[PDB]
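Engineer: Pasting an experimental structure with its sequence.
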Amino acid sequence: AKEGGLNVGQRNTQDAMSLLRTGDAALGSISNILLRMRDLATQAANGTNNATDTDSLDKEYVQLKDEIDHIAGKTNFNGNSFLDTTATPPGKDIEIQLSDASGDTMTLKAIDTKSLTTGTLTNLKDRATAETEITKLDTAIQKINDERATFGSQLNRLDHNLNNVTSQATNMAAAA
């Protein structure tokens with residue numbers, strides 16, 4: 001159901017929780033790919049690879065970059081590609097009205113996953129480039145960890161709202 005355009009009620013909250021689980025799992029896949037990319041970059045920066053091995057590491061690394069972009073574009077809730085605000089059509093925020101909470105609204109914010117990950121990365125075409133990729137990969141791993149933390153926290157918050165669960169944090173926030 002809606003109330004002045006805004007989405008309300010238990011089933012709507014469940015839908016949003018489903019979007020959050022989808023987003024977290026997709027960002028989890030992206031994080032695991034970034035870890036594999038970090039391993040490849042570390043190997044390639046090492047100094048010790050010939051022409052063929054340099055090429056094979058670079059090929060796999062670039063394939064993994066493309067896989068991140070694929071996941072970023074394909075992930076959706078009901079056709080909304082919320083991990084890619086640069087898509088056509090762009091991912092958009094999802095608004096969720098909380099129940100018995102004085103009209104509080106949660107926004108699942110759509111993000112630019114590519115900008116946080118592949119937009120900052122290049123390739124392993126040479127040893128020197130591979131070395132500088134490592135730092136960039138560590139940065140991207142941390143950014144993705146924050147984005148997943150956001151979705152995880154929002155999921156907990158919706159779970160408490162939908163399931164009428166009160167915790168220490170609820171009791172603390174009651175006065176405000």
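Structural biologist: Nice, I can see it. Residues are numbered from 1 along each chain as shown.
Engineer: all contacts plus neighbour counts: C-alpha atoms, from now on.
Structural biologist: Noted.
Engineer: mind listing the strands for this protein?
Structural biologist: With DSSP state E as the criterion, the chain has strands at 2-3, 6-7, 94-97, 105-108.
Engineer: Redo these as CSV? Include mean neighbour count and distance to residue 151.
Structural biologist: Compiled in CSV, these are given as follows (neighbours: other Cα atoms under 10 Å; distance: least, Cα to Cα, whole Å):
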stretch, mean neighbour count, distance to residue 151
strand 2-3, 10, 23
strand 6-7, 15, 19
strand 94-97, 20, 12
strand 105-108, 16, 8
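Engineer: export those to a markdown table and tack on distance to residue 116?
Structural biologist: Converted to a markdown table, the strands of the chain look like this (distance: least, Cα to Cα, whole Å):
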| stretch | distance to residue 116 |
| --- | --- |
| strand 2-3 | 34 |
| strand 6-7 | 30 |
| strand 94-97 | 20 |
| strand 105-108 | 17 |
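Engineer: nearest to residue 54, of those strands?
Structural biologist: strand 105-108 (41.2 Å; Cα to Cα).
Engineer: Residues touching the closest one, excluding its own?
Structural biologist: When contacts are taken as Cα atoms under 8 Å, 6 or more residues apart in numbering, the neighbours of strand 105-108 outside the stretch itself are 16, 20, 93, 94, 95, 96, 97, 98, 151, 154.
Engineer: what residue is smack in the middle of the protein?
Structural biologist: The residue lying closest to the centre of the chain (Cα atoms, centre = their mean) is residue 27, at 3.7 Å.
Engineer: isn't it right up against residue 148?
Structural biologist: Yes - with contacts counted by Cα atoms under 8 Å, residue 27 reaches residue 148, the gap being 6.5 Å.
Engineer: so how far is residue 56 from the residue of the chain positioned farthest from its centre?
Structural biologist: Farthest-out residue of the chain from its mean C-alpha position, per Cα atoms, centre = their mean: residue 50, at 35.5 Å. Spatial separation of residue 50 from residue 56 under the definition Cα to Cα, to the nearest Å is 10 Å.
Engineer: Over to residue 111?
Structural biologist: 32 Å.
Engineer: contacting residues for the closest residue to residue 116 other than its chain neighbours?
Structural biologist: Residue nearest to residue 116 in three dimensions, not counting chain neighbours: residue 140, with 6.0 Å by Cα to Cα, 6 or more residues apart in numbering. For residue 140, the contact set (Cα under 8 Å, 6+ apart) comprises 34, 116, 117.
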